[PDB]
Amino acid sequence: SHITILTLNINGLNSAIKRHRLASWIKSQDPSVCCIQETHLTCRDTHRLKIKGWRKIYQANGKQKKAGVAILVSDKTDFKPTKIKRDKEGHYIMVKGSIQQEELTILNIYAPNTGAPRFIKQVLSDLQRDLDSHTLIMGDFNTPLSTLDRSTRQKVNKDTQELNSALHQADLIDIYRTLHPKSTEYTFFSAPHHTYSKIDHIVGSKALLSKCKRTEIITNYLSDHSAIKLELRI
């Protein structure tokens, strides 16, 4: 009745060397479900991503070696998919399914560097029909959601404020920030002027809060992004 969901922008998987490296890290972390961003695999190279122990994999890829997302499910986890929706451009993938008769919807997103919060709000609208009370939206938003997400505590811009409102209209909350309202933890440590920011996020339905046992930010040597882990009581 416990599953862990892990998100990491992996910064490219095209080379077999990097794929082998990612696989070892996953084996260690032993997540039930893993959301990866920036695989950079074109839609004709998706078959390249194989990780022993995580046979169920769902990918979304554009026509070029940029963006690219994947959701990997552990062989030990009974996830039964019912709907998969893939971005033509490789910036998100949504998987709906059930674990032990419990519905879960996972939207893995990689937002672009330019116009990130507007882009996420658009995807929310495009998929408004697919969001529900058991929805997790995780990945590299390429934007803070509040001042505490930046070591500078710079006010978030109007667009971000709009994204935050669209999220609340759908009864979606920043799950990390809700469990850790005062924390100053970061996932990207090369922000502009020697600054740090939390641009990776785990957002989710308010009704999932009762199931959230723990979150953990996992700094690593694989990527220029730290991973985020969520422990969920199914």
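Start at 1 with the first residue shown and count on from there.
- As the entry records it, the average C-alpha temperature factor is higher for 189 to 197, out of 189 to 197 and 203 to 211.
- Judged by mean Cα B factor in the deposited record, 18 to 26 ranks above the other of 18 to 26 and 212 to 220.
- Across 114, 143, 152, 77, the greatest Cα temperature factor reported in the deposited entry is at 114.
- As recorded in the PDB entry, 165 shows the highest C-alpha B-factor of the residues 178, 184, 165, 37.
- When the modelled residues of the chain are ordered by their C-alpha B factor, residue 172 lands in the middle third.
- Remark: residue 83 belongs to the lowest third of its chain, ranked by C-alpha B-factor as recorded.
- Residue-level temperature factors show residue 72 in the lowest third of its chain, judged at the C-alpha atom.
- Among all modelled residues in this chain, the alpha-carbon of residue 147 has a temperature factor (C-alpha) in the middle third.
- When the CA B factors of the chain's modelled residues are split into thirds, the value for residue 123 lands in the middle one.
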